[PDB]
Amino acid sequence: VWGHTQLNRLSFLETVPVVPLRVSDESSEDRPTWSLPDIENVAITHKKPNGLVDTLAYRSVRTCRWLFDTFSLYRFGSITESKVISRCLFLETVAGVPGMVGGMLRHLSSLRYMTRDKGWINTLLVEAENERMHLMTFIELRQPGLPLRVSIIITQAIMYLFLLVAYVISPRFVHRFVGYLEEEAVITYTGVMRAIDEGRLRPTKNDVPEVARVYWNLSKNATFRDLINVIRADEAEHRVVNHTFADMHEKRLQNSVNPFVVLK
């Protein structure tokens, strides 16, 4: 029921105070679809940096981890729900940035050179959305203080700008920087799940929020452990995909077709 009569209306303002808020609208219809026994066997992997830019990309992520794990006491003391969710609530505010600068910029280019993009943009945006559904999820399990919020705001100002210019200078540097961040994120989310398997972390949030149960399509009886498992598997897809784009840059392939649009 979207046709010429609706296309000729000036505005549908007047219909806002009667539309349901619905958790399944918060994203596109392009949802991850995982099966837990399968993605159960996601694994920690490392790709060798293959020259200066890769090495410089890796040294950066590795530098930031050591830095980030230390100014946020993440090794000091036992693992906890509070510290884990707090970590991921923050780190996901940054994860949602690179895909939107990457998607924007290729869009921006495509229009000003009138070229095809051959599938890249789309992958890049729904990654960025996916990463933000990780946050929409986490922000429901824990609300943060003025400190952590302010500190989040100041971060985006920094990571947005850096990724903006990094992507203009060298897309290859950015796609390898995210690829390596995802290695670190499949290590974190594996450490969280391991801990659950080994009793060291007894999750309490085992009510998976509504945003999350529809987005990944989890059963009503899904545990916090199941939520980490699927989040984890999105980070691995990101891992393979950005590394593949990084690689494609390296080999003069930024204007060949996005291999993942078929491989879907």
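Residues carry their position along the shown sequence, with the first being 1. Definition used throughout: the rigid core is the maximal C-alpha set that superposes within 1.5 Å between two forms.
For the pair 69-77 and 117-125, greater average C-alpha departure from the shown form in 7 other deposited structures of this protein after core alignment is found in 69-77. Between the stretches 234-242 and 197-205, it is 197-205 that shows the larger average CA temperature factor. Taking the mean C-alpha B-factor of each stretch as recorded, 113-121 and 74-82 are not equal, and the higher mean is that of 74-82. Remark: of 145, 179, 96, 103, 145 shows the highest value [criterion: C-alpha B-factor in the PDB entry]. Residue 156: CA B factor in the middle third of modelled residues in this chain (values from the PDB entry). The deposited CA B-factor of residue 168 belongs to the lowest third of values across its chain. In the deposited entry, the Cα temperature factor of residue 192 sits in the middle third of values across the chain's modelled residues.
In this PDB entry, residue 45 carries a Cα temperature factor that places it within the middle third of its chain's modelled residues. For residue 54, the recorded CA temperature factor ranks within the highest third of the chain's modelled residues.
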